[PDB]
Amino acid sequence: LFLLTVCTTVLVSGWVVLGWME
Amino acid sequence: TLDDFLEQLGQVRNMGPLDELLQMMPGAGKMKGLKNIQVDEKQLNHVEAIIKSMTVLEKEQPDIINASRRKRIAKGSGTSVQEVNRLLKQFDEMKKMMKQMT
RNA sequence: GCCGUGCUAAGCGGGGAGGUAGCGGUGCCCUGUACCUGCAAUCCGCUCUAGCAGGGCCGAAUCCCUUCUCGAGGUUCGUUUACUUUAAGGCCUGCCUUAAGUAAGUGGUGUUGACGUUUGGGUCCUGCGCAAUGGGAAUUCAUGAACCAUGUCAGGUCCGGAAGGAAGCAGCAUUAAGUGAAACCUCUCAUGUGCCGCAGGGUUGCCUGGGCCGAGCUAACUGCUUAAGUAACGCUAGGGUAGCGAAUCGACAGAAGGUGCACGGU
């Protein structure tokens, strides 16, 4: 579960870096 | 908060090749979106500098960050202002997506 | 006149008071029963005198009239005595509100000598003055600031080929802003902190208690005494009423006197 959470966080960070419309 | 946002960009640089995930291991392209363009980033990465300039209080409660606080954060990161305002909007949509799923 | 047989008048309750100009009755009362009916109270029928109308009984008389005596009662006036109602008049009397003084019953306090002798505690109000110590600060230690103090600012960021600069966050001092801990030294306000400084009000007008010496004051509730104040309960006038008296009308009982005619016989 912890690993999954970490992965999700990473994905979110990547998205933020990319930038995207609201 | 911003301490967590930097950690996500820091771990992305630590574990990311060709913007993986996005078929980094084959490496041709490879960008997972396609794409790429990077997609992120030479500016999203700076994102680290804006959260670094914030105080412990400002990080825990981002709703307290207004005009007088923003102007201070921008001067300490050597930014403005539109680049930082972009990072916070993106983070707001992230927590909305986090609470809705997991 | 003496006898026989009839009739009339009178009578078939009265009285008192009021009323009416009286005189009567109906009504009210006093004595008794003593015929019936229509009328009579805004009185009514009368006015001499008789109750108007009508009917029945008795008749000259022990039973018709008159008078004296007796006296049931009506009325009126006055006194002595009892009860009721109403009002003045006042220290007889109830009661407001009371002045002075004293005695005993009780408390108390202080007016005179308050001398004098004792003591404890307390008071205790005004006004000012002050220190105290009771509170509020400097002060002090601790702590102590993402963005709008500061000192020291690792690490990221920028200018740059370099030498050198830029933006200055985390953190950590000190200091702003603060925060916490207690208390000398420092300011400020003051309560039996002291009544310590004093004045006025009593410096003895007191407060309290106890042992005291003759008057005192007060509850003057009770006593005696003297002087004021309201009026009726208990006091005095008028009215009514009973035991009293005078006047005047009068049932009843009783005494003394007076009251007709017809015929027949003689």
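Residues numbered from 1 in each chain as written, not as in the entry; some residues may be left out. Chains lettered and ligands numbered in written order. Heavy atoms only, no water. Residues with missing side-chain atoms left out of burial classes, pairs and counts.

Under the annotation held in the PDB entry, chain B carries the name SIGNAL RECOGNITION PARTICLE PROTEIN and is attributed to Bacillus subtilis subsp. subtilis str. 168. The header of this PDB entry states its title as "Structural basis for targeting and elongation arrest of Bacillus signal recognition particle".

Asks: Can you walk me through the overall build of chain B in this structure?
Replies: When its secondary structure is counted, chain B shows five helices and zero strands. Shown N-terminal to C-terminal, the secondary structure of chain B runs as helices and strands in the order α-α-α-α-α. With the C-alpha coordinates of chain B rotated into their principal frame, the extents come out at 45 × 35 × 20 Å. (Helix = DSSP H or I, 4+ residues; strand = E, 2+ residues; numbered from the N terminus.)

Asks: What is the right way to read unusual backbone geometry from this model?
Replies: Negative phi characterises most residues that are not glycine, and trans characterises most peptide bonds. Residue and element names in this part refer to chain B. Omega for the peptide link from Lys35 to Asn36 comes to -10 degrees, which places this bond in the cis form. Structurally, the position occupied by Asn36 is in the loop between α1 (2-15) and α2 (47-53). The step from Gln38 to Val39 runs through a cis peptide bond, and the omega angle for that step is -15 degrees. Residue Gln23 is not a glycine yet carries a positive backbone phi of 60 degrees.

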